[PDB]
Amino acid sequence: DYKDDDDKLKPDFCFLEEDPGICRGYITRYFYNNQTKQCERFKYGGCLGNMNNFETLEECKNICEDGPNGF
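Here is what the cut-offs are and how they apply
- Residues numbered from 1 in each chain as written, not as in the entry; some residues may be left out.
- Heavy atoms only, no water.
- Helix = DSSP H or I, 4+ residues; strand = E, 2+ residues; numbered from the N terminus.
- Contact = heavy atoms within 4.5 Å.
- Buried < 20%, exposed > 50% of the residue type's maximum accessible area, 1.4 Å probe, protein only.
- Pairing = 2+ DSSP bridges.
- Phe/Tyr/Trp six-rings, centres within 6.5 Å; stacked < 30°, edge-to-face > 60°.

Structure determination for this entry, per the PDB record, employed solution NMR.

Q: Hey, could you go over the environment of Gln 38 for me, with residue numbers and the actual values?
A: Its place among the elements puts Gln 38 in strand β2 (residues 38-42). Beyond its immediate sequence surroundings of up to four residues, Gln 38 is in contact with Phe 31, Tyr 32, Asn 33, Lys 61 and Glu 65.

Q: Hey, could you go over the pairing of strand β1 (residues 29-33) for me, with residue numbers and the actual values?
A: In terms of residue burial, β1 counts as a mostly covered element, since five of its five residues are buried. On β1, burial covers both faces: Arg 29, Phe 31 and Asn 33 on one face and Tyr 30 and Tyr 32 on the other are all buried. Hairpin geometry of β1 and β2 is characterised by an intervening segment of four residues between the two adjacent antiparallel strands and by a positive phi of about 35° at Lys 37.

Q: I'd like a description of the packing of aromatic side chains, backed by residues and values.
A: For the structure shown, the criterion picks out three aromatic pairs. Ring centres of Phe 15 and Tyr 32 lie 6.0 Å apart, and the angle between their planes is 75°; this geometry places the pair in the edge-to-face category. With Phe 15 in the segment before β1 and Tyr 32 in strand β1, this pair connects stretches of sequence that are 17 residues apart. According to the relative accessible area criterion, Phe 15 is partly exposed, its value standing at 34%. With a centroid separation of 4.9 Å and 70° between ring planes, the pair formed by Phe 31 and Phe 42 is classed as edge-to-face. You can see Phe 31 sitting in strand β1 and its partner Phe 42 sitting in strand β2, a full 11 residues away along the chain.

Q: Can you break down unusual backbone geometry residue by residue, with the values?
A: The backbone of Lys 8 shows a phi angle near 35°, a positive value even though the residue is not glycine. The phi dihedral of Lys 37 falls on the positive side, at around 35°, and the residue is not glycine. Mapped onto the elements of the fold, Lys 37 is located in the loop between β1 and β2.

Q: Report on the environment of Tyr 2, specifying residues and quantitative values.
A: Here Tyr 2 shows up in the segment before β1. For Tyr 2, a relative accessible area of 72% translates into the label exposed. Sequence-wise, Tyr 2 and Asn 53 are 51 residues apart; in three dimensions their C-alpha atoms are separated by 22 Å.

What follows is the structure, encoded as structure tokens:
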């Protein structure tokens, strides 16, 4: 229902573990890893996968890190 309000409406999917997919294509993607509360470079399968699968760190940051409030 709705989104994780309160937390300045932040994308919970960002805190979602990294998910490359099935096809071990690997494309050096990025994801917000809670392990380091930041965007970490993780491999990316393709086909399947998940949400937390950015292509650029700044992209994973703008969405996750959400520097400029929104994004």
